[PDB]
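Shown here is one chain on its own, the form deposited in one PDB entry, set out as structure tokens.
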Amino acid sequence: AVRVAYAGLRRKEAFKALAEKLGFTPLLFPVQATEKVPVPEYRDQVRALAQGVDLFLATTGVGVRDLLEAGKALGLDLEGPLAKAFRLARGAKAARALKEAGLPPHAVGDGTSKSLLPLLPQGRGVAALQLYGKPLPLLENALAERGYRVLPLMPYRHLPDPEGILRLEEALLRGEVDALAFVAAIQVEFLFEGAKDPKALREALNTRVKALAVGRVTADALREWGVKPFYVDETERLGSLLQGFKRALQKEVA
């Protein structure tokens, strides 16, 4: 059977079940860990946001929801300040969380920091930036260039799983799997930032193991490391990813 590794954390069980039903042998190699930051640890930043900001930049839906919950747990009104701020969402997920909170964004990017550049207004004041544990230097530097003091808000953190990354790298270099599925760009970044031999890993993902990407932003992360995905799915459904890959693979053979 075709052996397909999954680098995600959240939907492992669904991945395994669906892969088995489609005739693949699934392997689970998560490359990330996720931890919520205790509300008291960033209370200072939430209080600052409650004093009012000129711009609010959301990067993830989870982050928007977590921040609003932190405001409630601290007894702070964040809806008022957020209603007055110019609101940006990096992509659709952050945008949907803001819309569901009755704070729809004024502009929305395409899921990437670079897509926000034309939407970042030259201004004065404070820009609150919601993060998720990974540095966003392009954004942080652009907010400062645009005239704002940056107020970071990190309600949770995605971190690499170092041991998990090394185990996946060994499996890929061993020829232990036929394909590897990435469901978020950060999983591509953690694998390549944590590999012992990134050049060998690039060679393996270009010539021996097929890289599969859920989302254009995940595919672009692979391409920035010199890897071209064999198949890119744009539905966010694991059944689509897997089935689309199965057909693509066979079309080649036939």
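In this text, residue numbers run from 1 along the sequence as written.
Just so it is clear, the following notes concern the form deposited in another entry, a form of the same protein that is not shown.
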At which of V108, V188, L212, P155 does the chain hinge as its rigid parts turn between this form and the one not shown? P155
Any idea whether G111 and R10 get closer or farther by CA distance in the other form, knowing it moves 3 angstroms or more? farther
Given that the distance between the C-alpha atoms of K12 and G111 changes by 3 Å or more in the other form, do they end up closer or farther than here? farther
